[PDB]
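So that you can tell them apart, the chains are marked A, B, C, D, E, F, G, H and I in the order they are listed, and the count of residues begins at 1 in each.
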Amino acid sequence: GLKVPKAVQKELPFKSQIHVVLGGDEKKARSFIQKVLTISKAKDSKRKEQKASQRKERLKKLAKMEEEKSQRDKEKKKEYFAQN
Amino acid sequence: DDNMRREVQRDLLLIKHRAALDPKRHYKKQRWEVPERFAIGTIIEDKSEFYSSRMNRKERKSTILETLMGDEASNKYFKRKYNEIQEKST
Amino acid sequence: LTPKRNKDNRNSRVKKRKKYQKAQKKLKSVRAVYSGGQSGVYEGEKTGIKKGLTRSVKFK
Amino acid sequence: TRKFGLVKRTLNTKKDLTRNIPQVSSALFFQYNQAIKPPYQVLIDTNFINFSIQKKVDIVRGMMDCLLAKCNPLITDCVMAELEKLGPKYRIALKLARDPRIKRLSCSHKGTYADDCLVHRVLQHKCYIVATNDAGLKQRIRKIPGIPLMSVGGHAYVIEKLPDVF
Amino acid sequence: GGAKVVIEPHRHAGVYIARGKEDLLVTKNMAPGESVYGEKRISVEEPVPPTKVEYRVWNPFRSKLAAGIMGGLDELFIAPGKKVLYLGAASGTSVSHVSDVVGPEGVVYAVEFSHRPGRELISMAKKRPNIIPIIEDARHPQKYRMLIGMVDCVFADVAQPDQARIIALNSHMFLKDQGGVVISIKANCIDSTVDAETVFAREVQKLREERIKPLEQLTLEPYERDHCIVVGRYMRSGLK
Amino acid sequence: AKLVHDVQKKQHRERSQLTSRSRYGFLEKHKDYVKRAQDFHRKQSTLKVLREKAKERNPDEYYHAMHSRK
Amino acid sequence: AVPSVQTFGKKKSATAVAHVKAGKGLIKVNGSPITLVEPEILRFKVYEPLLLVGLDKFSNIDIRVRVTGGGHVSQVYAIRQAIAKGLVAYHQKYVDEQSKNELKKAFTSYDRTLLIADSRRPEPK
Amino acid sequence: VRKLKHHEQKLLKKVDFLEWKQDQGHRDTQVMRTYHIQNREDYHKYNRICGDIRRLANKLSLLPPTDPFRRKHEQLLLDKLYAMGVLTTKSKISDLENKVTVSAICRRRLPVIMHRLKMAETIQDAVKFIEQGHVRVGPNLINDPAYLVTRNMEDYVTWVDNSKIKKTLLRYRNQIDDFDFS
Amino acid sequence: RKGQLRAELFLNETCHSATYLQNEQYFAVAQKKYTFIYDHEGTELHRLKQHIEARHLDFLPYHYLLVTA
């Protein structure tokens, strides 16, 4: 964890300062909902990182193909200004 | 309101979390924040519909959470996935 | 000293059978193609319904 | 009782979810458009008619000889607006647009911008084949996926994006 | 067939989503304690003494308007205030849902030509008040001009190949200005020779030459083959 | 693979931590080191900006929340 | 509520806080009584604020002094500075300002290092 | 005044009751809301000074580049505007038309530098404090918010002692010494 | 006629004379030097850069002309 010294955490500006239950079916159902919640959370985190790693290769492929198309267009306007 | 929200505070959260309740569906993506006006209610069955999709008398669990608690194969899937999640997160 | 080739590419008809099969299942995602109608009894569309989305083409 | 820090009050100079993504067509394959088949409906426009006359290619027999099917040339009345507004140097194009083979549509949009009317009533339907000769309109059409378009060149029409041209 | 499902208001007023595991589309019944068609009803209890009110599941495989709804239309004109002229109302398949999405205040003039579906339609119509059964041919709106007054949306589920003349005559006679027009087009019953969106283009052009400006169309493809829901409005003054 | 073989670009398995020194197991390699070192750089950078705020405290720092905070 | 006053006192690195309030006359350093203060030879260096001016001025107040840091002689100078200026501040606020500058005259005539520490040093010659 | 109809809006376009041409976009109103200027005419008694120094820099640029009167008075004016803190660097004489602003000569006022060095938290609260008489610059107290400071006196802007906001912040940090009477 | 406060303002400098413009909705006050015009509820709307002082205002009502001397 982020550990700070006491000599610098006791001396800081104000705004930038690091500032009954049932036994049984109720609590087992609450842990059941906790189970399905962490299931859903790990699942769609997997989904979102998969999408981000997909748009990684999308960005790289698009970047190299726009690079070569931009150089082809620049040699096109180069020869167009060369045929003056 | 917050007088029956104790009874229905779970089931709307799992309906929000329908995407991983059963590993055979993949409902399409929407956030579905809890709406301001809604109402629970049960299906009633067509009188010619019989032997096919009617749930029996002693099979009618009076809550969707109890009906989901019903089948231990679904709960077995919950158990095995939560166990592999627990051992991979510890 | 060849690369790893493919039993799929060995038969010039089969790869066109086995990539038309994919192109069937690809445009299950692009549009929502007809499937055969009401298969069982109607117990819901089994995959969700959303409000703030209309997939209908407007006229300018 | 008197308030602190008062200003002479002036006027405040400043302070006085159905998304729609159009679904792809039922007629469309990946880029094939499996639901255009003879007989075709060919949208026409102004530079196409002028270029066709100055290349002396007939309209209906030219389309039949280019495409080997019965073609129904279709002129929007908004493009007949432009072909009227071109003036008296194109009266030949006018009285060849007035032709009982060339059955004409009816538009509903203010003004007479025929290129936007063409691209709109094409991408609503994807059943038409566009005849044109405009470069920018050609670029709009070959940007939108999978309609065919034709253009006069040499001394016959040529057809761009249609599979069963032979 | 006995589980519990929550309700939620849709975008269009009057129609409700029933979100459960799968999520149905549903409407609020006019005639409680009964199912006309053979659909499933979801009954809720409002808590005063407590009331028991029921909601009929709208089957999109059996009614083209419910196909268009959950295929996604940007707007209807079947609001819970309006009046609805249902051309080609065969049975209580869709007219019951259009009736109880209109509600207890407004009328659905349902027309029909054939006699056997007409008589089971009037036997349906005795049980909910707000629909008006007509047993006339739709080609002659003159012979039922006596009894429908200035409807503010028309729906057309007629399946005979003079649809444009049908909807033109009926909309000229009874549809009020700036009013709604919803068309279901069946290509195989208009003409089987040429393809589907070619006949959709023909019918859209016949609409806008009858000065019904078309705003919107939909193919409803995962439910039925080769139909199109065209929504337009009767302009009648300034088509442009 | 432009002009190279699969046996030219095959694989290079990584050696594991030894068994003699196995009490403090898991020898860490270059990707583990950069995974540790960028985190340590992040923690040192936020410590530096904290020390800078501290020595530029300006002790006339008044708000209204210093009757709930203490 | 109850009338109190908090003062400080600093030798080299030792710091002494003094809570002086109205009371019965008890003087405590970290709960220990004022008599039980080490290193036992500077107990009079601790005593001289309450000894120069007489205990009758201490009869109605009670003092609690926390000390941190420093060694022995730094702690006893911090204690005596905190005691002194706590008594002076209590008499400045709650009772006679004439008694305040009487006490200030007594302490400054004895030594002002019992009221103001000599902080800013050294000198670059 | 009535959100006029289409023909009325066509028949009179140039009407605007709210914003005329000679309001110059209401910039005096806008910047006095921005900097919470109490009195009227303070913008224009700043703008007269801004126009005055660009007039004098115009005349000094007009004077030829060799004589000591011109070069001494231009470096003198540049150092005087640095010493009043209107600038921030001793920059070129082109910044005597790009950089002198009525917003800058407002930005050296007392409540805005008070909010700048976080003494208050908003400039309205700063005018509240220095109208209640809590602050001083060096020895002498400040009662009016029109006192803009110099480059020298951005360091001794501190409250007076027995200012109970000073007492409450010291007792927040519990460094409340009370021998020094605050 | 009915007792209705519309706009009541003490502005510190001297005001020689003032008038209404076309309604109760606008009124121009001739202050110490600059003539100001004001909204119905007392906000100011224009500090006239011209009318470098004023003593007598008037309003020509059909011409919509505020005249100052």
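Following the convention adopted for this analysis, a contact is a pair of C-beta atoms (placed from the backbone, for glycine too) under 8 Å apart; a residue touches a chain by one contact, two chains touch by 3 or more.
**Student:** Which chain has its Cα centroid closest to the overall Cα centroid?
**Tutor:** Centre-most chain by C-alpha means: A.
**Student:** Counting C-beta pairs in contact, does H-I beat F-H or the other way around?
**Tutor:** The comparison resolves to F-H.
**Student:** Could you please state the distance in Å, as a whole number, between where the Cα atoms of subunit B are centred and where those of subunit I are centred?
**Tutor:** Measuring from centre to centre gives 71 Å for this pair.
**Student:** Based only on mean CA positions, could you tell me how far subunit E sits from subunit G in angstrom?
**Tutor:** 93
**Student:** If you average the Cα atoms of subunit C and of subunit H to get two centres, how far apart are those centres in Å?
**Tutor:** Comparing mean C-alpha positions, subunit H is 68 Å from subunit C.
**Student:** Where the CA atoms of subunit B average out and where those of subunit H average out, how many Å apart are those spots?
**Tutor:** The computed centroid separation for subunit B versus subunit H comes out at 64 Å.
**Student:** Indicate the residues of subunit B shared as contacts by at least two other chains.
**Tutor:** Expected reply: 21, 49, 52-53.
**Student:** Quick check on subunit A: which residues sit in contact with 2+ other chains?
**Tutor:** Subunit A, residues with two or more chain partners: 13.
**Student:** Given the complex with subunit F, which residues does subunit H contribute to the contact?
**Tutor:** Of all residues in subunit H, those touching subunit F are 117-121, 157-159, 165, 168-169, 172, 174.
**Student:** If we count contacts the way the header does, which residues on subunit F are in touch with subunit H in the complex?
**Tutor:** For subunit F paired with subunit H, touching residues are 58, 60-64, 66-67, 69-70.
**Student:** Would you tell me which residues of subunit B are touching subunit E in their complex?
**Tutor:** 11-12, 15, 18, 21-22, 32, 35, 37-49, 52-55, 59-60, 63-64, 67
**Student:** Can you list the subunit A residues touching subunit F in their complex?
**Tutor:** The contact residues of subunit A facing subunit F are 2, 4, 8-9, 11-16, 19.
**Student:** Help me check something: in the complex, which residues belonging to subunit E touch subunit B?
**Tutor:** It is residues 1-9, 18-21, 35, 38-46, 54-55 of subunit E that touch subunit B.
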